[PDB]
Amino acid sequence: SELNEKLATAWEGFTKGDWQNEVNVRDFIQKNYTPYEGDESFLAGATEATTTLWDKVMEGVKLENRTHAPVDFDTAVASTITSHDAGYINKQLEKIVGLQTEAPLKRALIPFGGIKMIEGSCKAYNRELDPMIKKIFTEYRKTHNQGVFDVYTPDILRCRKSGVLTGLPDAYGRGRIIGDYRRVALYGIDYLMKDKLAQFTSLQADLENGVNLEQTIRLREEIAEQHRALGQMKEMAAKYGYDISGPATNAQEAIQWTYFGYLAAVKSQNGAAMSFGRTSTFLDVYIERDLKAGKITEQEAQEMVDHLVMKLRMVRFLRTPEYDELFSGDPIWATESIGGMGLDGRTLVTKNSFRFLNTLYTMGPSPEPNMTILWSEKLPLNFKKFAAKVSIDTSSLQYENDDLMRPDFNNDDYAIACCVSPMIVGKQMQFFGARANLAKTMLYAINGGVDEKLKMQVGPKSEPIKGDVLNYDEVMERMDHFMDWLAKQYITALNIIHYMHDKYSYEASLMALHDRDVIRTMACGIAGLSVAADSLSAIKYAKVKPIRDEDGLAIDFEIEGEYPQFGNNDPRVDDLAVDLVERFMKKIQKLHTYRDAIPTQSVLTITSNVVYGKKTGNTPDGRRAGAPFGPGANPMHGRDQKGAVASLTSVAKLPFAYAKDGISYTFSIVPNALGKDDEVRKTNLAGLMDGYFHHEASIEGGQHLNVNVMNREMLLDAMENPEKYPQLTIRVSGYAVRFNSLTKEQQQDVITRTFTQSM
């Protein structure tokens, strides 16, 4: 029972546990992390090197926002883990190193997903794609894109064109995968390759015995690619002069090793969301040891965390203008899950929790990393306040219900991927599915499947409603039959998509940091919940007159009589939204899926609320054609007028039990609505979230909360004078973005949203 001399030395001082004999990051954390209930008084400030480096990087960020385009990007190199040479901002000042390419902010080419998108980007930003790269990825190496469109049905193609099913991961990396990068810091590459070889070998029997033949062969090949990827991780780090074959011996190496794990991912896959995971607490274990041993000062600790978070502020991907409108603001979703409570009762909050939030002060506000606080009523009051303070000062944080998710998973080591989709680190991933247009599904029910904007048969050919006034019973009967159809097309599209993504763009380096068998879910999204819900409320509580055209196609409606709206704590309308979520979830649930991915749902839109709303005509709720839907599960623009408590209670009523993939809610409130001074504001904000996230056996509670503390006038001033608010950040749909990174139309969406004036 003699532990490898490398392991024993690096792990000097660490408490014993199963984690020393097998891969178990959760156990290591449990046996070693030091819970912290104190306040922010220990926090240090930015060093000269940190500011020098960040300011230099801000110069490129300003250029990006100004030109709404990449600073620079590859034109002739196919990116892989080992493709690029080491790149630095300033080699002499960086405590933590690693960039995607050889230059800061220079975007790369990830061709495995598709060559057409690369061409489109090259055309849009005025650059020329190397002819050789093009030839390779059209004639030799088949891409994810081409595989999907070779199998797609003309039905799906129609839904893609009309705006019923658009923006699905058929033209960009699927993402939604979080490799446990902490594994690299803990065990070192070598130990992980030896573990993978074991996993590979454990499948030999089943193979020789014909047990699930094709599934076995596939898994063996995937594990083989995972093994090869881990080796390239070493080669990559080696370019920076590092040897990560063995475990991290100190704090700087734990941070560096963990980042190197992530760096490999963002160098090989261009997923929509490339999240970081739950690492702040984990890294604290190494920082604490170094402080206690007097090998690192508190300021040097911040500097390290700063340089890491700074790299996370520098992750970039070459995207198309089409992608830019579906996912606005140049988002990365390098999500970090901070805090939370353990299963045993103690808080997972640590000094590093504060250090991470402190990056907002040391380097100013920033959209990335997407810092998420795993909220719990049992959290140390000290942390609850500091978190709120940071939200008040920067509007860069988001909150998710730990009291709900922890018990559900019965695990204290789960992380948030992208915006609100939870997963147990290294043991579970998602099959990203974007979102479907539920609003348009209603209009299709009323119009017999013909697109109210394109006048073409998209949905199944059925007779449109002949009525003179809309009847709730009649309309819903069709809405159901159309939702069945929407569910089938949506699942079929995702099945094709993920079959092709596993084939042409298997995320080898991320799956290499996962267990042998990973739990998979078929994440389906719903867009325009409120538009659909309110439209139903205007038919069961008022008089709607369908203004038809020379074919009987309802292109507009007349409204007489005040009708209920989602976001006012009124059960009559709120009960309809909760019903819709349930209906769709029960529908997709009965369909067969690729790799048996358990279908889940999410009320999330991103900037699809703008794109879909743009392609959707006049709706029964009074919304005009071309107008944006509400971001995520939000009530339609301005409709929630009974203050915070009211709008928070409506969104909390939404069943997370039917939307396991998440329920996004962007909440904006004026400084004065929270109090007269900061102390009152912090206390009240924390109190709001305590009431919102309040979990009990008969009360589920809210799942997500974006917090913006600002005034509409400040943003109006930001639109006129961009150069005055360089680091201004806002929560927009489950993630953050610099205000100056949005287009005039995307900003228009923001400013016209609900700004809570009271409580």
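Take the two forms, find the largest set of C-alpha atoms that superpose within 1.5 Å, and that set is the rigid core. Numbers for residues come from their place in the sequence shown, where the first is 1.
Engineer: Name the stretch, 266-274 or 317-325, whose C-alpha atoms sit farther from the shown form on average in 6 other deposited structures of this protein, taking the rigid core as the superposition reference.
Structural biologist: This comes out as 317-325, the stretch further from the shown form in 6 other deposited structures of this protein.
Engineer: Comparing 208-216 with 567-575, which has C-alphas lying farther from the shown form in 6 other deposited structures of this protein once the core is aligned?
Structural biologist: The more displaced stretch in 6 other deposited structures of this protein turns out to be 567-575.
Engineer: Which wins on mean Cα temperature factor, 127-135 or 188-196?
Structural biologist: The stretch with the larger mean CA B-factor is 127-135.
Engineer: Going by the B-factors listed in the PDB entry, is the mean over the C-alpha atoms higher for 611-619 or for 464-472?
Structural biologist: Looking at the record's C-alpha B-factors, the answer is 464-472.
Engineer: If I read the C-alpha B-factors straight from the PDB entry, which of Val309, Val645, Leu99, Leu357 is highest?
Structural biologist: Among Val309, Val645, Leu99, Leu357, the PDB entry lists the largest C-alpha B-factor for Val645.
Engineer: Per the PDB entry, which option out of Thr521, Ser535, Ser79, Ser121 has the greatest Cα B factor?
Structural biologist: It is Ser535.
Engineer: Pull the Cα B-factor of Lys292 out of the PDB entry and bin it into the chain's lowest, middle or highest third.
Structural biologist: It falls in the middle third of the chain.
Engineer: For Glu400, return the chain-relative third of its C-alpha B-factor as stated in the PDB record: lowest, middle or highest.
Structural biologist: Middle third, going by the recorded CA B-factors of the chain.
Engineer: Which third, lowest, middle or highest, does the CA B-factor of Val25 fall in along this chain?
Structural biologist: Lowest third.
Engineer: Thinking about Cα B factors across the chain, which third does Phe557 belong to?
Structural biologist: Its C-alpha B-factor belongs to the highest third of this chain's values.
Engineer: Lowest, middle or highest third: where is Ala237 by Cα B-factor in its chain?
Structural biologist: Lowest third of the chain for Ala237's C-alpha B-factor.
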